[PDB]
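Q: Quick one: this structure, given as structure tokens, is what I'll be asking you about.
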Amino acid sequence: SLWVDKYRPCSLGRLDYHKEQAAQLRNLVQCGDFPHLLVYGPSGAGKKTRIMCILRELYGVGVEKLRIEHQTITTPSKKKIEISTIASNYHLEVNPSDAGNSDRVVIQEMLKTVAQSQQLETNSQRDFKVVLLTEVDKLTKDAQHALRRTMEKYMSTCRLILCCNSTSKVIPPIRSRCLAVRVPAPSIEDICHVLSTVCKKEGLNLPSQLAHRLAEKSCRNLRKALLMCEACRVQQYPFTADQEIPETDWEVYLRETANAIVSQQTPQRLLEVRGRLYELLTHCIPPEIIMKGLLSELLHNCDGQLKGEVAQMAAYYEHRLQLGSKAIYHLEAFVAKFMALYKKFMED
Amino acid sequence: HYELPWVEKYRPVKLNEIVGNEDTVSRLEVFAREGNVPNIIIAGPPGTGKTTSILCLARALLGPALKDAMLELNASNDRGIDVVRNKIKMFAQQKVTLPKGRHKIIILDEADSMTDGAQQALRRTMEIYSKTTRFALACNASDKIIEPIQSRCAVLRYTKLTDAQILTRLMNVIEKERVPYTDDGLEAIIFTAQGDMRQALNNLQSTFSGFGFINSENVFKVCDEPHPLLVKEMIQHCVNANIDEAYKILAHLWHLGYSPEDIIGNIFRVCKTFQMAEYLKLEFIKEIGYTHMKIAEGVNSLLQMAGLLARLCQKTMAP
Amino acid sequence: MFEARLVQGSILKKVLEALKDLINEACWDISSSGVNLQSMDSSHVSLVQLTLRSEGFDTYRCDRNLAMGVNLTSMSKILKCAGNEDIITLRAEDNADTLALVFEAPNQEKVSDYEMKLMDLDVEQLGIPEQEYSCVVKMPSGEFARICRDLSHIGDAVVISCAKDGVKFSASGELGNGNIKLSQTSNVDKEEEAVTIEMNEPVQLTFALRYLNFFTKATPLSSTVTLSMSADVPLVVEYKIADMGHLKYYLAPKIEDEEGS
Amino acid sequence: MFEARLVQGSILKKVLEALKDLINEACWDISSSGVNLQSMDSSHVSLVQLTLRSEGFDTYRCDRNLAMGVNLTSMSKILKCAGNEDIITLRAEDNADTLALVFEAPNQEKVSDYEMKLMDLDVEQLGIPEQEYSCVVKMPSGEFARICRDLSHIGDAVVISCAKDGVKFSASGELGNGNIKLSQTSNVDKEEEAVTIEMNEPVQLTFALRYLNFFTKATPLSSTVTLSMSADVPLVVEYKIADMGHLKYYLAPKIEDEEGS
Amino acid sequence: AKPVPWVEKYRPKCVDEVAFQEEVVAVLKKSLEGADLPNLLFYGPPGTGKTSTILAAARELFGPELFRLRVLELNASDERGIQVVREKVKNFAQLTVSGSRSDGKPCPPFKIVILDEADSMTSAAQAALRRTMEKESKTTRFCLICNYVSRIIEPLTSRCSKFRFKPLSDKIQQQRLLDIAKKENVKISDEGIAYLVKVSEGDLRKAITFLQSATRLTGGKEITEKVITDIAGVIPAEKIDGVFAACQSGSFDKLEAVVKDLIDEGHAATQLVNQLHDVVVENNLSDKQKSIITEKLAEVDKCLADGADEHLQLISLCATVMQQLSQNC
Amino acid sequence: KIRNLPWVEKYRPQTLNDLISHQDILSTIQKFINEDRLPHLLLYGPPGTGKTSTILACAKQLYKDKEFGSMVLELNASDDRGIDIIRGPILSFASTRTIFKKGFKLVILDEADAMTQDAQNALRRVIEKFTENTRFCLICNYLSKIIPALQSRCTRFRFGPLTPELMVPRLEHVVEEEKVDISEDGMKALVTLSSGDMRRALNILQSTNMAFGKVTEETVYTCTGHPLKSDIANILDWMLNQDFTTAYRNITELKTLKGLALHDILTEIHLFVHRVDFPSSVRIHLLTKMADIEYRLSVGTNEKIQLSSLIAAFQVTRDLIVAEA
DNA sequence: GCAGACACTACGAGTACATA
DNA sequence: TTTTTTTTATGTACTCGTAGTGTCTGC
Ligand SMILES: Nc1ncnc2c1ncn2[C@@H]1O[C@H](COP(=O)(O)OP(=O)(O)OP(O)(O)=S)[C@@H](O)[C@H]1O
Ligand SMILES: Nc1ncnc2c1ncn2[C@@H]1O[C@H](COP(=O)(O)OP(=O)(O)OP(O)(O)=S)[C@@H](O)[C@H]1O
Ligand SMILES: Nc1ncnc2c1ncn2[C@@H]1O[C@H](COP(=O)(O)OP(=O)(O)OP(O)(O)=S)[C@@H](O)[C@H]1O
Ligand SMILES: Nc1ncnc2c1ncn2[C@@H]1O[C@H](COP(=O)(O)OP(=O)(O)O)[C@@H](O)[C@H]1O
Ligand SMILES: [Mg+2]
Ligand SMILES: [Mg+2]
Ligand SMILES: [Mg+2]
């Protein structure tokens, strides 16, 4: 087991950061009439850990005993789709975006059957069951419009803990029906404290310089920070303050793609960059993360009077990418617009 | 007995009563008088006389054997893959004793509605039994008929009827029905017909039944002026970035009760064949499609069409 | 070492068809008393128990309390290749990761061995309270299957009522209500047709239809069926499958409407 | 209060299987004289006039006159699971929506109460002319069903003629023609198999074979059918049920135009 | 003795408990007396009481024993195709009106079809409702509920009497929240209830959820403004001043720093758009700068409503306001 | 007797003399009926103009109550109208004659734009072949969704929007039949907010009479929620006369006090900017910006930011208009 | 009288496409 | 002088394969 899963806290009193929020979440779920929750924040902030802590607070220690259940759902086109589900004896965990645009068929048929049925054992299980819908910002708007009356009608016997990264992709009818719980990313000091605690529980000594560099390179992602720290011990156990931290391959590929964009501004270079963007889209990197990495590396090469135009173009083509269906058109359109703007700026 | 309307009452029964497309109709008259007619597909606008020409040719060729030597199939029939295999081929194989130069005629009216597979199955029964049976297809969109069938038949194309050609038939119907008229009323009937004899006869019948006299006011009280001639002036105003007259035409079309979808369809149909720059035409078509997506989404107001007109005027002054 | 032999091959060929579309896996618990299966469905509505005692097997070897987890998508295809009146032997080693089913071919000339991978599932026993039910009735099995099938054409959910008069099935839909009753069937020659009442307190609860049809897919295993209900306990459907053991079905009720004032 | 009682369930099954693909919905008009049902088809081409007498039922009570419009697919599903030898009770209240069908199982033990919800169609009453017809033919129903099935293989529309000689059927199809002419078949030992001619003026009319084949499904109701034809009034197929009532089928002729030549 | 959340616990059972929607409540109160109820189309912002009003009206008209026989409720949680409209809705609308109230209260001679969240229905399924509404109007009524009335076709808009549910005013919302807190033995300060009705913005469901959650968090003591700001997701004013100072400085690196600091703090982009809009319209900038900045704010809000990435939209808005604040220097 | 009916269904023009507006079309159709020369009709127009009422009045005039079920086949979008229905019940109804009495039959296809084009292509020879036996009436709102071959075969009547001058006496008849106290400003508000649609006129009249008991301008504009003309004039004057903050405060106070929506404000301001003598470059910018704002309001967007953008669209053009001089 | 064989329609299922 | 594959979400239409099933033949 990796360090991301070995030293994860179990209860709300064992969290290393957001302790006031942990006490407030303990006070919220004590009575049992707590509303639907919408846990949102950046990735790696600790949202899933706090959701499981809330579940362990509500139920016993049997929440952590999980299983995989596969359900076959019939579409209106009568094409059967099998969807996996993390399940326990007290709660359910569905990621409906695995059914893609059929996610509404998950909401309209599989969820309501959970909601319309009462619990078998009201002594062990409580008066309500909890369903965790993972990544509700990746849901289509039809699934979110199918969610709302199921949330309203069966609230007393079925609670929902939706989890997302951005609440801007959640429709206002769903956001009106649930309490929004914000989990910010841990600070550099919090990540340094967590990494030092993990290293001392592992019997290792971690310097403050290496912990600060891991926290800064992780971009306040504690999962990536723990994975980078474990990779650093693996590759070199004596922790030097200037030890090289390993990096992900797609980030370096994106940086070299942006360097190739900067190096030449020609349709042949645009063809090569389009090949690099297909390579990135092939490896299941989301196109918004490709846009963000492209902007973050292209702004390091622009001058002071071009960065605002580059950022506005990146936001515009990201919006057009979200409105469309083929990401390569909007990605190559952003690269071609940047090439035209950069050529105009360099020649004049 | 119930008297038929003038579209069905004054359907021509001989090929010399069909006006318009004079060379093709004359060659069909020669073929009806002589015989040995090839396979024929007539394409053209609605109301031109394609069904009338095919039925008159079949009647003049067959005479008294029309009941047993003709197979007429419509879009109201099945005519799927199982009917071309089993019914059309069995009629093509069927023995019918006919005079010299005369063959069995399989009329396939409105041949756009036939699927691709039925037209593929039609090919070899067209080619094999051609010494005993012939085919006479009528259609509107000639691209719906596949290229082997168009190669297996003579493709006759009917053009839209002119003003004098419809005026001759209208004079014949008026002299038959003793309808009083003026020249301006007949010009208004031609104007509302737009090359369609069915609409000309329907508008003449409606005006004569409603008012009993054909002048311009009685025609325009019940009939309507055509849409794209008025849309073309608005598109011409949008080309010169004249937003006031374009909105005047748009608001006049709005207060007449036309939906945004019909108006934007007429705008697109005018902008397809308008006489302007090609890059400006593509900019106009892209802006029209962008507005039509909003119309199809649900936001369809007068402000949205005015914004479309303003964006089309912006496309002029943006090089 | 787990090594068991069956006396009839039709027991598995009638008990796995009810679990084909009901539960996604079969977890067998091995003990000296017998084999116990407790499986909850993916929607947390239905609960299947199957206790087959060791006295009913042709032979039974069990040294350690072991638990095996098999899938249904492969066992359902394996069971159709098996025969009907042949013998089925189940074999499982102490440290191996596969379960072997050895039987006779339907051509009755060769022995067929089929191996299935053991799914390592992490479940816990939910725990039935085994409390005193407010209504216990006994019904014919095939008649109960025909009753559950006849309400499928009317509504998507059924209503079970049980007073001292008998058991009332209702199906209210957009078409119209379908109400049937069974009462006082002691004056018949067959002992399995005895529709009897055993308790006092009446109960009225709305249940699903699909899960009851899946429950009545296991009807020719037993002769009679038993139905147990209470005010809040889920519906218990009991089959006494011959001599080797018994099967229990638990079905949770639906959420009642707001009919108060 | 409406309470009719069909003495056996077979007649209602034959009636609702005759009208199943033809009638959109059943309008039972209830009076003290009996049960009347005048309903057109979905195409507004055929007309069904069923009259059941009060003396044919086991018990028949009707305080105030009713007009119950009910769905037919629901009643078909109700009457599908009904016996042919059991009593069927039709119940209806004064101001309710439940039309109750109460019968017994084929196991003949448990009751079955199937409710239906009445519709609101307020359709205007269609006036049967009840005038004299220029051709009345008594013929067996099985022979009429056989000749309609034989004419369905040749064409789709059938010219039926009647004169002093007898009834004649013609089907000018794609294979060719089929002309079947039957007359004076009263010289058999049976009484049902007979062709009798009552009226004078010959008529030739063309009808669709689909509606005739739908009309022939009432063959088990009556052994002998009556055909009424005239040049203006439609074709009437009259089945006289033995001790319950009668059934009239009205079919309009097709529009045929002669060749101009 | 199960606990139920206060959104469902304080749902209006009767139409007298519906707040601030005086015209439609007056129409339904007249229809309770025996007046002719027309076809209804409720539309407005979320949490204004469109579902509660029609459910309370149906409960008052039919009671407990006739709700299952006279009300057909269909929302987007179940399938509503064109075949569901052609089969299920038409067969419900063609039924006779039967059953009478046993408590002696009057019963109206029609059924009610509640097609809640009618935005999600397709245009063909909405076109299939037209002659069902027109022909069967003697024995049934239709109440379409939506949030955007432009998603419902013009014939269905013409056939239904339209009622727009306004957002709840601060007086009525504060009165309802204080009555709920008085019924729950909860003490709340004047500043706390004022910031609560400021934050909720006419959404009474959001206000009741925030009041219940602030009651559960404090344990039963007094709810102050600090608890409301903690639970409301309100960005602190120092972050807004830092964003404006970074855009005033004209350096894009400070702009990226404050945008990454706001993204890493988990703040919602719509909340930042609202607070930056309030700061911009309550500033001393020129009319042209305020004009472009508010136009960019509206475009950014539209892009966030279409599910664009928050970081890029906020960095574009920050670049626009940086250009506006650095052009005049 | 009395019935519980909506006023758009309680007051339906059962005869052709009770419809108000399309007098030449109704006279022509009445002379079609009297001369027994009824053709295949195509009634098209905006909703609420009286096309279904026209064809139902014509069907009731042509046929008696004892024979109405055998002569009229009425199909709409609530019924299945696929190509199997055109080849099935419709073709059998067209090709057969009547049952009781002789006469020509009538096939009414209400909402004919919802039919598939396969069904519309199958309809063509059914209409043409059985013209003497049966007549067809297509009714649509969108003429572009009906194929030109079906538009050729039918004589088309445009049922345009109801003019408010002819709209008044029918509303006065409904007012006198319901004992409604209405002022002249209330009738003016009814015929203004209806906009050529008798359905919404009667719906707004019934809603206002139930909500308030009287029908005046204040009661109509309160029950509908529509802003008055003076409110829109004040909003335009605030946007064109003062700075961003004061106009924002005044418009926000007016929207909070009266409970106005931004869609109706956008509609009335769009109607106002074509009346105000703007320069053509200003008018194009205003129309483009207002169309953008109206498109942004169709999704989950905050209305306060869109109101600020509406103020911004005029605060941009203020200096341009003044410096144009 | 009851098992085997014949064609019958209802139903499941796969695929295409939708404009001028 | 150059060719492989499944996504888009419903609604409709076409085409083909399969399965209860009513009825006829025969010992
Ligand atoms: N060239 C013509 N000369 C005289 N009458 C004509 C002519 N074309 C059409 N008509 C009249 O219009 C009626 C309809 O003509 P059709 O031949 O059926 O139309 P069509 O050419 O087949 O167009 P479509 O595509 O089938 S709608 C005829 O019955 C005539 O009364
Ligand atoms: N006007 C109101 N009067 C009283 N309680 C209200 C009101 N509006 C909302 N509530 C409360 O908030 C809850 C939500 O009300 P709803 O009727 O569901 O709002 P809504 O109009 O349906 O919002 P949408 O459009 O469905 S997201 C209700 O159950 C009440 O507890
Ligand atoms: N010209 C009119 N004269 C009198 N009342 C009218 C008129 N037009 C509409 N109405 C009223 O509006 C109701 C509905 O009108 P319809 O006849 O359904 O109009 P419509 O043209 O069919 O609208 P669509 O396109 O079908 S939504 C009628 O029952 C009348 O109460
Ligand atoms: N309070 C904490 N103390 C120590 N480690 C934590 C804490 N919270 C989260 N983590 C670790 O950081 C990682 C965050 O991942 P996760 O909990 O899934 O959050 P998110 O859902 O936001 O990605 C987890 O792997 C967890 O082990
Ligand atoms: Mg033609
Ligand atoms: Mg709601
Ligand atoms: Mg209509």
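Going from the start of the chain as shown, residues are counted 1 onward.
Using the three backbone atoms N, Cα and C, a Cβ is placed for every residue, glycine included.
Copied straight from Swiss-Prot:
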- B:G44, B:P45, B:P46, B:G47, B:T48, B:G49, B:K50, B:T51: ATP binding site (BINDING)
- B:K131: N6-acetyllysine (MOD_RES)
- B:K272: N6-acetyllysine (MOD_RES)
Q: How far is it from B:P45 (ATP binding site) to B:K272 (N6-acetyllysine), counting Cα to Cα, in Å?
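A: Rounded to a whole number, the Cα-Cα distance is 18 Å.
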Q: Sequence gap of 6 or more, Cβ distance under 8 Å: name the residues on the same chain that satisfy this around B:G47 (ATP binding site), in order along the sequence.
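A: Within the chain, B:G47 (ATP binding site) has Cβ neighbours under 8 Å at B:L161, B:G195, B:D196, B:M197, B:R198, B:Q199.
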Q: Return the residues near B:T48 (ATP binding site), defined as same-chain residues 6+ apart in sequence whose C-beta is under 8 angstroms from its C-beta, sorted by sequence, else 'none'.
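A: Expected: B:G20, B:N21, B:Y158, B:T159, B:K160, B:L161, B:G195, B:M197.
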Q: I need the most crowded of these recorded positions: B:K50, B:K131, B:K272. Count other C-beta atoms within 10 angstroms of each C-beta and give me the top one.
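A: The most densely surrounded of these recorded positions is B:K50.
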Q: Work out how many Å separate B:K50 (ATP binding site) and B:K131 (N6-acetyllysine) at their Cα atoms, rounded off.
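A: With distance taken Cα to Cα, B:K131 (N6-acetyllysine) is 24 Å from B:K50 (ATP binding site).
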Q: Work out how many Å separate B:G49 (ATP binding site) and B:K272 (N6-acetyllysine) at their Cα atoms, rounded off.
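A: Here the two Cα atoms lie 27 Å apart.
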Q: Might you list, by sequence position, any residue in that chain lying six or more from B:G44 (ATP binding site) with a Cβ less than 8 Å away from its Cβ?
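A: B:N21, B:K50, B:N140, B:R157, B:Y158, B:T159, B:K160 - these are the non-local Cβ neighbours of B:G44 (ATP binding site), listed in sequence order.
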Q: Taking the mean position of the Cβ atoms of B:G44, B:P45, B:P46, B:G47, B:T48, B:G49, B:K50, B:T51 as the ATP site, which residues outside that list, in the same chain, have a Cβ no more than 8 Å away, listed in sequence order?
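A: Here the non-site neighbours turn out to be B:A138, B:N140, B:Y158.
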Q: Enumerate same-chain residues with a sequence separation of six or more from B:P46 (ATP binding site) and a Cβ-Cβ distance below 8 A; give 'none' if the list is empty.
A: B:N140, B:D196, B:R198
Q: What is the Cβ neighbour count of B:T51 (ATP binding site) at a 10 Å cut-off, with all protein chains included?
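A: So the Cβ neighbour count for B:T51 (ATP binding site) comes to 21.
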Q: Where ligand 5 binds, which of the binding-site residues B:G44, B:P45, B:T51 are close by, with Cβ under 6 Å?
A: B:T51
Q: Between the binding-site residues B:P45, B:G49, where is the Cβ count within 10 Å the lowest?
A: B:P45
Q: Give me the Cα-Cα distance between B:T51 (ATP binding site) and B:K131 (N6-acetyllysine), rounded to a whole Å.
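A: B:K131 (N6-acetyllysine) has its Cα 24 Å from the Cα of B:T51 (ATP binding site).
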Q: Please check the recorded positions B:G47, B:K131, B:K272 against ligand 1 and give me the ones with CB under 6 A, sequence order.
A: B:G47
Q: Check each of B:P46, B:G47, B:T48 (the binding-site residues) against chain F and write down, in sequence order, those whose C-beta lies under 8 A from a C-beta there; write 'none' if there are none.
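A: Filtering B:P46, B:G47, B:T48 for a Cβ under 8 Å from chain F leaves B:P46, B:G47.
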Q: Could you give the Cα-Cα distance between B:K131 (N6-acetyllysine) and B:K272 (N6-acetyllysine), in whole Å?
A: 45
